[PDB]
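Each remark here refers to the structure printed beneath this line.
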Amino acid sequence: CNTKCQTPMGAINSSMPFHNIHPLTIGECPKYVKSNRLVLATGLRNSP
Amino acid sequence: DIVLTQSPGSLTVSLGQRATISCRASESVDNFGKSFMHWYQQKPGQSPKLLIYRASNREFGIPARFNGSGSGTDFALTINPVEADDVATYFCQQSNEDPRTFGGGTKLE
Amino acid sequence: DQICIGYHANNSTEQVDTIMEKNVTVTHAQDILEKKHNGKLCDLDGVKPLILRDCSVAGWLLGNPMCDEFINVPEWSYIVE
Amino acid sequence: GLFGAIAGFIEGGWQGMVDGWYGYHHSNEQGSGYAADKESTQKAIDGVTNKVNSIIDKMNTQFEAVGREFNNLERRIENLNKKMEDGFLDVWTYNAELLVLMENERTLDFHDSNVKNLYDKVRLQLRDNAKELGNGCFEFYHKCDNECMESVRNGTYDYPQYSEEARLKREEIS
Amino acid sequence: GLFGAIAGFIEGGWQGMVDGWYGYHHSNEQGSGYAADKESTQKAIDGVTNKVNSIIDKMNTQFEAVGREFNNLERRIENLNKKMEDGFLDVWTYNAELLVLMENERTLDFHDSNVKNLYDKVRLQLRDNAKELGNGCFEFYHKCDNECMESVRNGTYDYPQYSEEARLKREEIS
Amino acid sequence: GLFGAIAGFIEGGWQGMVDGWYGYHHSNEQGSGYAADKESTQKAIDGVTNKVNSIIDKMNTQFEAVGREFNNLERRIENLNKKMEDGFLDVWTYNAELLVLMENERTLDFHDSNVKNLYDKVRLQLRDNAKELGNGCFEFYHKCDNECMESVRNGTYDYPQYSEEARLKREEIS
Ligand SMILES: *[C@@H]1O[C@H](CO)[C@@H](O[C@@H]2O[C@H](CO)[C@@H](O[C@@H]3O[C@H](CO)[C@@H](O)[C@H](O)[C@@H]3O)[C@H](O)[C@H]2NC(C)=O)[C@H](O)[C@H]1NC(C)=O
Ligand SMILES: *[C@@H]1O[C@H](CO)[C@@H](O[C@@H]2O[C@H](CO)[C@@H](O)[C@H](O)[C@H]2NC(C)=O)[C@H](O)[C@H]1NC(C)=O
Ligand SMILES: *[C@@H]1O[C@H](CO)[C@@H](O)[C@H](O)[C@H]1NC(C)=O
Ligand SMILES: *[C@@H]1O[C@H](CO)[C@@H](O)[C@H](O)[C@H]1NC(C)=O
Ligand SMILES: *[C@@H]1O[C@H](CO)[C@@H](O)[C@H](O)[C@H]1NC(C)=O
Ligand SMILES: *[C@@H]1O[C@H](CO)[C@@H](O)[C@H](O)[C@H]1NC(C)=O
Ligand SMILES: *[C@@H]1O[C@H](CO)[C@@H](O)[C@H](O)[C@H]1NC(C)=O
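Chains as they are written, first to last, in the entry's author numbering: chain V, 277 to 324; chain P, 1 to 109; chain R, 11 to 55, 55A, 56 to 83, 83A, 84 to 89; chain X, 1 to 174; chain H, 1 to 174; chain E, 1 to 174.
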């Protein structure tokens, strides 16, 4: 294959700014944070 | 589908004079920061062998007389000097995306 | 006759977190985290890496007779051992 | 909901409102339906999109772990390197989680004000002409056409003319 | 107080209110006293308790200093270790202080909205029936029993019936 | 502007107001001009100045880079020192930028509430006597002197006396 970023456990196809695969990454690709879930809310809270 | 046009069709240089071979591409064969065009040489009655890979780097075992430079759509290969053990047919190959295509060949007289 | 004020509503069940309460549902949620990988190990920017199968830097540089496939190796992106 | 616009006054969302985020529901003689005002939802879109980029833009500079190796006779340095690398990751994963947690609260509260202020200006325009029911509903007096609803929608509500017919309607019910 | 509920409209707290956080004071023919509404103070308790746990839960992962020793001939490494260990503590003590400082402001402002919105719904229910004095007091017209006070307390205030007696009381004072 | 006081109700600032931050404009028989109330602008000055010092006071303890040198045979340690020093600077420059970014929003929102609450108390004092135009203007009924404007300015507005003349003015226009 051919990936812009490579990690010891595989490789990343994305443009997101975060990942939690491995810290020792090579290439220009998202940074590493040890979190399970990171979401940004872009809408109203819905009663339904 | 890059189509490779290589000129001159037949090159003739005596011993010791620079020999310039060139070929052009339809769109740019440069991606990811490095131009992906490889130079091949096929001696008569022999299988082709790699001379220049990625249009700049030279394979080990190939004498330093072979020089390749280029950028964008045009690439050139120069040989300094030229002796009797240089007659062959040279091809330039692109690998930006499949299918791979070859040049029309060039006899070196 | 009547006129009132209102806001967009949706039937989506996207879950977002906040400090006051961990579970709140919103109409539109954007996730920024990559947890999936292809699982392979291929080249970076078109140049194949130097994949040392069994011998290591000491073995390859010294020329271990077990691995003679790593002599005259071309340009690489990274070394895998 | 600190401002109280979400729930509070208006506790029920509109599933039929897909054109935009904030809008008005009109129920008059010339039918009924949902309509949107662009000046409110466009600023929310621009503000939220700027916030989303800001999280990415600010997080551009971060610690990048690199591999270092030691020869089994220098373990104090290896422990020092190991504690430094994961220590920086622990610091940076806290900043990312705290930033996401706080900005989630901002967006929900930012949306509260926009719909709250949208209600405030409609009350401030209608004033004595309409009555406040409690769920965001306004019941005005004049028997005008649907264009008056659009007049409320472009925020151009001229008061005087409509006052006389409404004050004739404030004296017939009293 | 950004929302202005604390001080502002109501600048005097109730020392006799120990049952809960937010409540109503009734002064009618059937005596007087203080009473509480559970739906407001319970959400504040749950929200604050969740915040208190969140500070503890988020701070679970932190740098832990460990002892390393050197042999008086390697002082660059010892200085590197010393500056790294106290540097991480300086970073983490700033996050803890900043988090505490900001969340203190949140709780005070969160309490402002709850009592402010509690006032808003009572005004929104009573409306024309009562008059707004300025210190949060409402003086309604109808001569109903203490159950009507409880009706205000369960947020179930039916308007129409009470309107006729009140409008007979809006015309006798005018 | 979450509270909506800036823009919203009052979208035009006063360039002639240089005495203070928040004030009242009076247009009566005894001329016209701008005047200030100290109790509102003084608290804003004290609050903002405390915030400005707090940024400086909290940032007193920070990482301080120091020079260390190595002998070209120990590059793992030199790389470790280089990544540690600039890593701490990257962490601290994010805290400073994030703190400045958030506190800028606080000051703008803090100023929103002060002018909003300043409007709220004037409406709460005038009440039925004046009419709400929409741009923060109040048009009262009684034909009193400029001292009544000062009475509004010291927050001491006695209601009863002014009610009778105003209610005689609520019945002549009706
Ligand atoms: C992963 O890397 C690829 C490049 O190898 C990125 O390009 C995306 O590749 C996919 C697969 O071919 C494209 O999907 C295709 O879209 C066309 C319409 O343009 C559709 O006709 C095909 O049937 C197929 O679905 C995709 O368009 C292309 N671009 C994007 C923006 O996705 C890909 O973005 C990388 N990421 C992912 C998550 O795939
Ligand atoms: C809030 O959301 C979290 C995340 O989904 C919920 O946690 C899940 O709960 C279910 C039900 O027991 C489990 O099967 C999942 O494994 C949980 N996932 C995670 C990531 O913890 C949680 O239940 C929701 N509600 C509350 C009150 O926290
Ligand atoms: C090849 O020639 C180019 C210019 O024609 C020059 O820039 C380059 O240094 C030469 N390469 C080698 C290996 O001599
Ligand atoms: C949302 O999904 C539910 C799922 O049952 C459906 O009943 C409802 O009609 C949907 N609403 C809209 C607006 O599509
Ligand atoms: C919408 O509001 C603008 C405000 O200037 C006004 O020019 C326009 O006439 C309004 N639309 C209609 C249909 O009146
Ligand atoms: C309290 O409010 C609830 C709301 O449904 C109502 O059922 C109940 O009757 C109220 N209490 C009394 C004493 O009326
Ligand atoms: C200003 O307000 C204070 C409030 O106690 C009052 O004592 C004073 O008389 C007021 N100023 C004037 C000129 O009345």
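Virtual Cβ for every residue (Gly too), placed ideally from N, Cα, C.
Any heavy atom of ligand 4 within a distance shorter than 6 angstroms of the CB on residue i?
i, result
"V:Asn322", "no"
"X:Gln15", "yes"
"H:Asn81", "no"
"R:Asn21", "yes"
In the DSSP assignment, what residue or residues form a beta bridge with residue i?
i, result
"E:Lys131", "E:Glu139"
"E:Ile10", "E:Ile6 and E:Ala7"
"R:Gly16", "X:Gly23"
"P:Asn57", "P:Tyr53"
"E:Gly31", "E:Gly31 is not bridged to any residue."
"P:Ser95", "The partner list for P:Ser95 (beta bridge, DSSP) is empty, contrary to what the question assumes."
"V:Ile302", "V:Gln282"
"R:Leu54", "R:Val56"
"P:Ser69", "P:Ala76"
"R:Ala39", "V:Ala317"
"P:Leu108", "P:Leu11"
"V:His295", "V:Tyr308 and R:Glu44"
I need the boundaries of the beta strand (DSSP E) containing residue i, first residue and last residue.
i, result
"E:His25", "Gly23 to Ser27"
"V:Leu316", "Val315 to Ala317"
Quick one: is the Cβ of residue i within less than 6 angstroms of any heavy atom of ligand 3?
i, result
"P:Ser14", "no"
"P:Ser47", "no"
"P:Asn31", "no"
"residue 110 of chain P", "Because residue 110 of chain P is not part of the residues shown, which for chain P are 1 to 109, the question remains open."
"P:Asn67", "yes"
Along the chain, where does the alpha helix (DSSP H) that runs through residue i open and close?
i, result
"E:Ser54", "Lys38 to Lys58"
"P:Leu51", "Where P:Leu51 is concerned, there is no enclosing alpha helix (DSSP H), although the beta strand (DSSP E) it sits in stretches over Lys49 to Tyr53."
"V:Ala287", "First-last for V:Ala287: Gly286 to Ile288, but that is the beta strand (DSSP E), not the alpha helix (DSSP H)."
"X:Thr107", "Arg75 to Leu126"
"E:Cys148", "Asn146 to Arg153"
"P:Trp39", "First-last for P:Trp39: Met37 to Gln42, but that is the beta strand (DSSP E), not the alpha helix (DSSP H)."
"X:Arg167", "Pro160 to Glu172"
"R:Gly68", "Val66 to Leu71"
Ligand 7 and residue i: does the residue's C-beta get closer than 6 angstroms to at least one heavy atom of that ligand?
i, result
"X:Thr107", "no"
"E:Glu150", "yes"
Taking 6 angstroms as the cut-off, is the beta-carbon of residue i closer than that to any non-hydrogen atom of ligand 2?
i, result
"H:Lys58", "no"
"E:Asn71", "no"
"R:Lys32", "yes"
Just checking residue i against ligand 1 - is the residue's beta carbon closer than 6 angstroms to any of the ligand's heavy atoms?
i, result
"H:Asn104", "no"
"H:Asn117", "no"
"X:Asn53", "no"
"X:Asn135", "no"
"residue 327 of chain V", "Because chain V is modelled from 277 through 324, residue 327 of chain V falls outside the range shown and cannot be assessed."
For residue i, is the beta carbon positioned less than 6 angstroms from some heavy atom of ligand 6?
i, result
"H:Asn154", "yes"
* Does the segment 141-161 of chain X come close enough to the segment 19-29 of chain R that 3 or more CB-CB pairs lie under 8 angstroms? -> no
* To do: Pick out the complete beta strand (DSSP E) segments inside the segment 1-31 of chain P, 3 residues or longer, and give them in chain order.
  => Runs of the beta strand (DSSP E) inside the segment 1-31 of chain P: 5-7 and 19-24.
* Quick one: any contact between the segment 12-20 of chain R and the segment 13-30 of chain X, if contact means 3 or more CB pairs under 8 angstroms? -> yes
* **Validate contact between the segment 70-77 of chain X and the segment 288-300 of chain V using beta carbons, cut 8 angstroms, 3 pairs** => They do not touch, by the three-pair rule.
* So, do the segment 109-119 of chain E and the segment 95-102 of chain X have three or more beta carbon pairs nearer to each other than 8 angstroms? -> no
* Asked: Between the segment 1-14 of chain X and the segment 63-76 of chain R, do at least 3 Cβ pairs fall closer than 8 angstroms?
  -> No contact exists between the segment 1-14 of chain X and the segment 63-76 of chain R.
* Evaluate contact between the segment 84-98 of chain E and the segment 52-63 of chain E, counting only Cβ atoms and requiring at least three cross-stretch pairs below 8 angstroms. => yes
* Asked: Can you find at least 3 beta carbon pairs, one from the segment 130-145 of chain X and one from the segment 156-168 of chain X, that sit closer than 8 angstroms?
  -> yes
* Using 8 angstroms as the threshold, is the segment 27-43 of chain P in touch with the segment 83-95 of chain P, meaning 3 or more CB pairs across them? -> yes
* To do: Count the CB pairs spanning the segment 35-54 of chain X and the segment 18-26 of chain P that are closer than 8 angstroms, and state whether there are at least three.
  => no
* To do: Count the CB pairs spanning the segment 121-131 of chain X and the segment 96-109 of chain P that are closer than 8 angstroms, and state whether there are at least three.
  => The segment 121-131 of chain X is not in contact with the segment 96-109 of chain P.
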